[PDB]
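Chains as they are written, first to last, in PDB author numbering: chain B, 117 to 174, 195 to 716; chain A, 117 to 174, 195 to 716.
Even for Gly, the Cβ is constructed at its ideal location relative to N, Cα and C.
Structure first, commentary second.
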Ligand SMILES: Nc1ncnc2c1ncn2[C@@H]1O[C@H](COP(=O)(O)OP(=O)(O)O)[C@@H](O)[C@H]1O
Ligand SMILES: Nc1ncnc2c1ncn2[C@@H]1O[C@H](COP(=O)(O)OP(=O)(O)O)[C@@H](O)[C@H]1O
Ligand code: VO4
Ligand code: VO4
Ligand SMILES: [Mg+2]
Ligand SMILES: [Mg+2]
């Protein structure tokens, strides 16, 4: 309950944004436009009644009255239609601002929220909530107050010409109506939540199946996905069908309470034909007044039903907005200043889950201007150090140091800009290859981009393409070949030119002859700055000065290439079979 | 225009599905429920008027009349609410069937449509269209005919008591109203299409940015995505703002034509106070009758506006449904029968685009029970043959033969089941690893799955996991390591056990010591059936009997390992530097 109150308060603050004085003029103009129509709408029946009465008692004068009636009809519609134009602008501006803020916060969220997300549920929630905000903004300003005022006016009219029992009857009817409506809305709130949960799951299942299109084409199991989607759609079918019947119960209950209220009103007055109310003029008055109470009352019931209905969909975003990143910067942060690349590890211990410990007692030092290569079993978690060094996941009980400085103390913005890393799996934007290669540094010019491709051994291949530097790379970089996709990612790091180089499985999908050229380029440019290369191939680690072997989360042997081969350790066995 | 007529005809056929006799009973019940309410609704004012007139001329009899008035009010609402329950069921069933058919056709579509799709536009279109069908189904059955009948009845009532000019005035007003409404709807149709196009682009851009989360976290360029999303949202803002004002023009035009029609009606009758219509009773009659014409007429205008509005969103799916796969099976197809794996190529020529030719004059033979390995430059397009052999893309001017049979003539279903391929890039479902490894063959039992993992060198690693055979693999298999993800894909092919094995970059992210065990398992199981291994590493091709070198789309050297080394060709140079 109090969570919804915070949601309404936050939305209300957006409407009354103090920064823009134009919005203040815009909102008050629409309100005055509504009250002007409401006053004129009341005046219209009075003008018509006066003309009819005057004509009955009795030409230019009726014509002017009929002309004035013409503008009155035009004026009532003119005020209403001209009112919604302004509020539409302010509501749409609020929609855009809220969507942009949600987008920014979603990208601000931590990595642990990702890698386990429901792809599709996020966009479905965003669309559903963005559709919901417009109605809540539109209805709240113009509908709640005038209807209550009209209800109060009609209540005062009915209080006039006291019947000494009609007030009690209508109070009881109103109380019963409110109780019934609140109970029905509270019951129906549960059904919408069940339907919403099923809809997101089907969408994310469909999107996952679409992502697995290559696998479901390689394997003949195509009907299984259709069957699962049919089951999810059947669940959504049942959830939606339950809601529709519940709506019919509310509508039937809506009429039955008013129908018996009208019946008991006519019965009560007919019971007093003699020794009581004897004027038949009052008989039509009570019927007309009750209808005049019914129409605004029915409008109020729809407004609350739609508001509580639309507010349920709103809880989906704002729960996501309350999510906070686990990793946060220190209250006092020092900018990262380094004159050389030195990395030190002091008994780092880290675990993805409390049950299993991946890293245990790993300690190594990276001298400035030197390259260190780590090799080992694929299950040893060698790449976890590279991910942890980038501070994707914070350390538990270990000390990590760069140039004699605390990485945790150092600001994240400064930390994530001095070093550059080549991803193990290359992902490319669905945009031009020129944009993909220029994403490394937007300040770079065309000459810098072209020379970077030459050292990546890709400019010659690009020159032979039908569209030089303009081919459209497909979704997730599927259109380009594996090797060329690998070369593109390396070119981004080359253009970025970071202080510390961290390549992860660089020469995996690359032929032998091109790898020799790439390694020579690395050993010339990266002489003055430290780098760390990780790869199972023995040829890339041979050139490195220092080689260590990591297995089962603990370092085994350290030293240069010559010492490792002589020691006849784990490294020697790996190189022996590779040479063959 | 005629395209929309086909769309309406297809939707109408779903409602009258001949297979289910229950639907026929369901639709006719609702129609009879509506006409019963309509007849009773007309009777209600007559009953009230009779009671008032009888009471004025003049108790148990009025009480029974008021009681009967009570059921009349209850009966009118009971028929209407009980009507919508059945049609909701049939409409939702139609929705589910249409969504399932669209899902199936989308997965039926060809590969060329994929790999260049707009991820997100598809789901947004599906959601928008699925929301649109319900209103069109609901409104068409119950709204078009009764409103026209009521309009005709009121037109006949106005034709009664001829004024000799009111019929002409109302005919002119109706014609002008229809012309104005059609013109406004035709003009507004363009605005909706512009808004719809912008919405899909923003969604697909956001989803692409979410997919590129790792890259936008590795590189500090985070604000660029927000700026692009803001620009797209601003375009959608402008497109939506243009629509809202156009709606206000229609509504203002709605009232002004009726307001002047009422004004000229009152002016015309007031002009004939003398020497004409002198009874003031007719003055209120024309006013009441005009309002009785106005309410159904306004309802008709809203129905057409909503129908033409919702039909624009419908064109999005049905254009996609008309899409047909480029590759189709032959009219007469023979089941694939083979006693051995023989593959023959006869001057195959294939090109992704007409500008560049990738494959030119490639001819090779794969003997039964033998393994052939191809190596070369990454840009030589060696993997295109494997993709083409699976008939993802049809050949242009080449002959491809399996066991002396035409692959094109052989049915696609039979062709895509005899052979199995390991993808170059491994994609895993967002489900349990047990389900991922069991996807190879649903008929396999638990024992077959467990023994398959042992030969994949992954059971030992899985046993040490916190959740044995129950860990949840993340989206696109990001949670698991590269090596373990590679091993999982191999286990699927092992469980499938196809007649022809085709591995693409199998031992890429795998340490040396595990690769020796895997290769030994391959050489024992795959002795009786042919296989093709492609990889840049020289150790995997050494064991193969026949080695060929493919560069620049043409074969260079062929023969066993010993002959290739002696020839001092391209293969010798590649192996020389690898040995070092
Ligand atoms: N997202 C994850 N969730 C659970 N366990 C993980 C995850 N990533 C890695 N591991 C564990 O870490 C080990 C591999 O570590 P990783 O850093 O992936 O090494 P590499 O990348 O060199 O294969 C595996 O045994 C696996 O169980
Ligand atoms: N989807 C594609 N669109 C355009 N060109 C492509 C596509 N896939 C491959 N190519 C071209 O084919 C060559 C690589 O072929 P490919 O079969 O990817 O070989 P490999 O997989 O061994 O790298 C590249 O030079 C590239 O230009
Ligand atoms: O040249 V490949 O992308 O098939 O390793
Ligand atoms: O063991 V790895 O997945 O970093 O090649
Ligand atoms: Mg490859
Ligand atoms: Mg790896």
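Exercise. Spell out the partners DSSP gives residue 640 of chain A in its beta bridges.
Key: As a first step, residue 640 of chain A is located in the second chain; it is residue number 504 there, counting from the start. In DSSP, residue 640 of chain A forms a bridge with A:670.
Practice problem: Report buried or exposed for residue 264 of chain B, applying the criterion of at least 16 other Cβ atoms within 10 angstroms of its Cβ. | Solution: Numbered from 1 along the first chain, position 128 holds the residue referred to as residue 264 of chain B. So residue 264 of chain B counts as buried.
Quiz item: Going along chain A in order, which residues have a C-beta closer than 9 Å to the C-beta of residue 259 of chain B?
Solution: As a position in the first chain, residue 259 of chain B is number 123, starting the count at 1. What residue 259 of chain B touches in chain A: 256, 259, 260, 339, 342, 343, 346.
Exercise. Starting from residue 537 of chain B, trace the beta strand (DSSP E) both ways and give me its first and last residue.
Key: Taking the first chain and counting its residues from 1, one reaches residue 537 of chain B at position 401. It spans 535-538 - the beta strand (DSSP E) in which residue 537 of chain B sits, taken as one unbroken run.
Practice problem: Indicate, with yes or no, if ligand 1 has a heavy atom lying under 7 Å from the CB of residue 349 of chain A. | Solution: Locating residue 349 of chain A in the second chain gives position 213, where the first residue counts as 1. No.
Quiz item: Mind checking whether the beta-carbon of residue 519 of chain A lies closer than 7 Å to any heavy atom of ligand 5?
Solution: Reading the second chain from its first residue, position 383 is the one you call residue 519 of chain A. Inclusion of residue 519 of chain A in the 7 Å shell around ligand 5 follows from its C-beta lying nearer than that to a non-hydrogen atom of the ligand.
Quiz prompt | chain A contact for residue 515 of chain B (CB, 8 Å cutoff) | solution = As a first step, residue 515 of chain B is located in the first chain; it is residue number 379 there, counting from the start. Residue 515 of chain B counts as touching chain A.
Quiz item: Are residue 644 of chain A and residue 622 of chain A touching if we call contact CB-CB under 8 Å?
Solution: Working through the second chain from its first residue, we reach residue 644 of chain A at position 508. Working through the second chain from its first residue, we reach residue 622 of chain A at position 486. Cβ atoms of residue 644 of chain A and residue 622 of chain A: closer than 8 Å.
Quiz item: Would the beta-carbon of residue 613 of chain B fall within 8 Å of that of residue 564 of chain B?
Solution: Numbered from 1 along the first chain, position 477 holds the residue referred to as residue 613 of chain B. Numbered from 1 along the first chain, position 428 holds the residue referred to as residue 564 of chain B. Yes. Within cutoff.
Quiz prompt | chain A contact for residue 409 of chain B (CB, 8 Å cutoff) | solution = In the first chain, the residue the question calls residue 409 of chain B occupies position 273. Interface annotation, residue 409 of chain B: in contact with chain A, CB-CB separation under 8 Å.
Self-check item: Given residue 686 of chain B as reference, the closest of B:508, B:653, B:656 once Cα atoms are compared
Solution: As a first step, residue 686 of chain B must be located in the first chain, where it is residue number 550. Checked all of B:508, B:653, B:656; the closest Cα to residue 686 of chain B is B:508.
Quiz item: Looking at residue 690 of chain B and ligand 2, is the gap between the Cβ and the nearest heavy atom below 7 Å?
Solution: As a position in the first chain, residue 690 of chain B is number 554, starting the count at 1. Checking the 7 Å criterion, the Cβ of residue 690 of chain B is out of range of every heavy atom belonging to ligand 2.
Quiz item: Run through DSSP, which three-state label would residue 627 of chain B get?
Solution: Sequence index remark: in the first chain, residue 627 of chain B carries index 491 (1-based). Reduced to three states, the DSSP call for residue 627 of chain B is helix.
Exercise. Out of A:668, A:292, A:277, state which residue places its alpha-carbon closest to the alpha-carbon of residue 428 of chain A.
Key: Here residue 428 of chain A corresponds to residue number 292 of the second chain, with the count starting at 1. For residue 428 of chain A, the nearest C-alpha among the options comes from A:292.
Exercise. Check residue 507 of chain B in the structure and name its three-state DSSP category.
Key: Mapped onto the first chain, residue 507 of chain B falls at position 371. Correct three-state label for residue 507 of chain B: strand.
Quiz item: Can you tell me the Cα-Cα spacing of residue 344 of chain B and residue 256 of chain A, whole angstroms?
Solution: Here the question's residue 344 of chain B lines up with position 208 in the first chain. Here the question's residue 256 of chain A lines up with position 120 in the second chain. Here the alpha carbon of residue 344 of chain B sits roughly 12 Å from the alpha carbon of residue 256 of chain A.
Quiz item: Mind checking whether residue 577 of chain B and residue 632 of chain B have CB atoms under 8 Å apart?
Solution: Taking the first chain and counting its residues from 1, the one referred to as residue 577 of chain B is at position 441. Taking the first chain and counting its residues from 1, the one referred to as residue 632 of chain B is at position 496. Closer than 8 Å, so yes.
Quiz prompt | Amino acids of chain A, ordered along the chain, whose beta-carbon sits closer than 8 Å to that of residue 578 of chain B | solution = Indexing the first chain from 1 puts residue 578 of chain B at position 442. By Cβ distance, chain A contributes 357, 360.
Quiz item: Taking the C-alpha atoms as reference points, what is the distance between residue 618 of chain B and residue 659 of chain A?
Solution: Translated into the one-based positions of the first chain, residue 618 of chain B becomes position 482. Translated into the one-based positions of the second chain, residue 659 of chain A becomes position 523. Roughly 27 Å separates the two Cα atoms.
Self-check item: chain A contact for residue 714 of chain B (CB, 8 Å cutoff)
Solution: As a first step, residue 714 of chain B must be located in the first chain, where it is residue number 578. Chain A, which has a Cβ nearer than 8 Å to the Cβ of residue 714 of chain B, makes this yes.
Quiz item: Cβ-heavy atom distance between residue 645 of chain B and ligand 5 below 7 Å?
Solution: In the first chain, residue 645 of chain B corresponds to position 509, counting from 1. Checking every heavy atom of ligand 5 against the Cβ of residue 645 of chain B, one is found closer than 7 Å.
Quiz item: Buried or exposed: residue 582 of chain A, going by 16 or more other Cβ atoms within 10 Å of its Cβ?
Solution: As a working mapping, residue 582 of chain A is identified with position 446 in the second chain. Exposed, by the Cβ-count rule.
Practice problem: Identify, in the order they occur along the chain, each residue of the same chain with its Cβ nearer than 8 Å to the Cβ of residue 678 of chain B, setting aside the five sequence neighbours on each side. | Solution: Working through the first chain from its first residue, we reach residue 678 of chain B at position 542. Cβ within range, chain order: 697.
Practice problem: Run the proximity test for residue 595 of chain B: is its beta-carbon closer than 7 Å to any non-hydrogen atom belonging to ligand 4? | Solution: Here residue 595 of chain B is taken as the residue at index 459 of the first chain, counted from 1. Incorrect: residue 595 of chain B has no Cβ contact closer than 7 Å to ligand 4.
Practice problem: Can you pull the chain A residues whose beta carbon is under 7 Å from the beta carbon of residue 392 of chain B, in chain order? | Solution: Numbered from its first residue, the first chain carries residue 392 of chain B at position 256. Under the 7 Å cutoff, chain A gives 210.
Self-check item: Reference residue 316 of chain B; option with closest CA among B:362, B:392, B:276, B:353
Solution: If you number the first chain from 1, residue 316 of chain B lands on position 180. For residue 316 of chain B, the nearest C-alpha among the options comes from B:392.
Quiz item: Any C-beta of chain A sitting closer than 8 Å to the C-beta of residue 402 of chain B?
Solution: For the purposes of this step, residue 402 of chain B is identified with residue 266 of the first chain, where counting begins at 1. Taking Cβ atoms only, chain A reaches closer than 8 Å to residue 402 of chain B, which makes this a yes.
Practice problem: Please list the partners that residue 238 of chain B has in chain A, where partner means a Cβ-to-Cβ separation under 7 Å. | Solution: Mapped onto the first chain, residue 238 of chain B falls at position 102. Those within 7 Å of residue 238 of chain B in chain A number zero; the least Cβ separation is about 10 Å.
Quiz item: Cα-Cα, which of A:473, A:482, A:415, A:525 is closest to residue 174 of chain B?
Solution: Counting from 1 along the first chain, the entry for residue 174 of chain B is found at position 58. Among A:473, A:482, A:415, A:525, the Cα nearest to that of residue 174 of chain B belongs to A:415.
Practice problem: Take the Cβ of residue 144 of chain A as the centre, count every other Cβ of all protein chains shown within 10 Å, and call the residue buried at 16 or more, exposed below. | Solution: Locating residue 144 of chain A in the second chain gives position 28, counting from the first residue. Looking at its Cβ environment, which holds fewer than 16 other Cβ atoms inside 10 Å, residue 144 of chain A is exposed.
Practice problem: If I'm right that residue 620 of chain B touches residue 636 of chain B with Cβ under 8 Å, what's the distance once you round it to whole angstroms? | Solution: Taking the first residue of the first chain as position 1, residue 620 of chain B is located at position 484. Taking the first residue of the first chain as position 1, residue 636 of chain B is located at position 500. With a Cβ gap of about 26 Å, residue 620 of chain B and residue 636 of chain B do not count as contacting.
Quiz item: Ordered along the chain, which non-local residues of its own chain (more than five positions away) have a Cβ less than 7 Å from that of residue 533 of chain A?
Solution: As a working note, residue 533 of chain A is residue 397 in the second chain. Excluding positions up to five away in sequence, the list reads 485.
Exercise. Can you give me the start and stop residues for the alpha helix (DSSP H) that residue 366 of chain B sits inside?
Key: Sequence index remark: in the first chain, residue 366 of chain B carries index 230 (1-based). For residue 366 of chain B, the uninterrupted alpha helix (DSSP H) segment begins and ends at 359-406.
Exercise. For the stretch 126-139 of chain A, enumerate the residues whose C-beta is nearer than 8 Å to any C-beta of chain B, in chain order.
Key: Taken residue by residue, none of the stretch 126-139 of chain A has a beta-carbon sitting less than 8 Å from a beta-carbon on chain B.
Quiz item: CB of residue 515 of chain B to nearest heavy atom of ligand 7: below 7 Å?
Solution: Annotation note on ligand 7: not contained in the displayed structure, which lists ligand 1, ligand 2, ligand 3, ligand 4, ligand 5 and ligand 6 as its ligands.
Quiz item: Considering only C-alpha positions, which residue in the set A:536, A:540, A:616, A:539 is nearest to residue 572 of chain A?
Solution: Within the second chain, residue 572 of chain A is the residue found at index 436, counting from 1. When only C-alpha atoms are compared, the closest one is A:616.
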